[PDB]
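Take a look at this one chain, the form solved without the named molecule, written out in structure tokens.
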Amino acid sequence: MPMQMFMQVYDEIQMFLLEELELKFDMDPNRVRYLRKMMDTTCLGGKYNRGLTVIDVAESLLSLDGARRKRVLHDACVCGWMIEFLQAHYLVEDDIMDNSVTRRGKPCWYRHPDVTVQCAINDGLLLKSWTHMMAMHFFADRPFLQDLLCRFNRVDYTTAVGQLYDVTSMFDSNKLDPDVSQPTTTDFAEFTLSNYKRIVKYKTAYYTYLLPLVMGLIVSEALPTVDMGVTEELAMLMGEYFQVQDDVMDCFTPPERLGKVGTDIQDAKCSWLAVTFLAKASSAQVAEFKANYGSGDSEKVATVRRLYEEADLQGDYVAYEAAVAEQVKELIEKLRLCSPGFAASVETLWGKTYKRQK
């Protein structure tokens, strides 16, 4: 049911956007078709966990005429597409920044045979523009519209700042200077857990966890009813854990299962694996890592992977997850006390996250 009404709204959104282009933007059938294809390829094919979370949060809150349930759930569907379109935008641009090769089982957008890198940058930016155009059209008469967009934009800003932390994490920040080139860091002194937690809170947690929850509360007209301090705590914790999972899968999960090929080693990413290895590694192991990290060469990449599993990273990961599960379990209860329905949706979202194989 929820996937069926979501996909119906997708066609609703797609039709508005593409007809507007024909009718008001002097667009030709060839480019309209190109953009329809761009939209489908970049926005569909995933699990829709972000978008679906908005629907479930809204559905969980309708109580605390059947025309209202219809309206609230349709609003949740549009908001769900706002986040999925936003992540579509993120993934198109990120795939360029990360020099990735596949995504969701297909080439990355920028790697598509007739998509130029210059068009791909623009296509990715069209995706974000669509998030605002859909909000403005579908929520024109909603009083929550300003708050919604104010919050969406702040989250987007936050993610961009997080992306900056990600993309500059392998350069000595003391030597960060537009006028002067600098190679990848050689001492990895900034590959700390503290610096890792910052990247991840900003690049992943706000838009992946907080935003779907907040938008669900908004379309429900239920935002002031919850503990937003507790709610943000949960989002940050779940979001960090989600990204630790992503980093671990990048290295250890066969690409066929994930739909994408991992680039973190090659890109010299400040991943969870890297910070946790270096914090506990002997000097000899750190030497090996340094001589093999941030290179395309497959044997060097295999050597890093070898180092990770020799330093018992799976030991650290099981213990991390248990510590997270513990704190998550506790915070949901704090939430349950005053917001039983919302806590239930958060609990469902956790169920989607804990020990995911994705």
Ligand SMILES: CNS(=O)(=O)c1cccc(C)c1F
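Throughout, we count residues from 1 along the sequence that is shown. In this text, the rigid core denotes the largest set of C-alpha atoms whose superposition between the two forms falls within 1.5 Å.
We do not show the form solved in complex with the named molecule, though everything after this point is about it.
- Looking at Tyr206, you'd find a heavy atom of it within 4.5 angstroms of the named molecule in the bound PDB entry.
- Although the partner is absent here, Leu217 lies well away from the named molecule in the bound PDB entry, with no heavy atom inside 4.5 Å.
- A residue is said to contact a partner when one of its heavy atoms sits within 4.5 Å of a partner heavy atom; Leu211 meets this definition for the named molecule in the bound PDB entry.
- The named molecule is not shown here, and in the bound PDB entry it never comes within 4.5 Å of any heavy atom of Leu73.
- Contact annotation: of the candidates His112, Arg151, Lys280, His132, the single residue with a non-hydrogen atom within 4.5 angstroms of the named molecule in the bound PDB entry is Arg151.
- A single residue from the set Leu237, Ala222, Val155, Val230 has any heavy atom within 4.5 angstroms of the named molecule in the bound PDB entry; that residue is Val155.
- Relative to the superposed core, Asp166 undergoes a Cα shift smaller than 2 Å between the shown form and the other one.
- With the core held fixed, the Cα of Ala344 is displaced between the shown form and the other one by less than 2 Å.
- Once you line up the core between the shown form and the other one, the Cα of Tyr206 stays within less than 2 Å of where it was.
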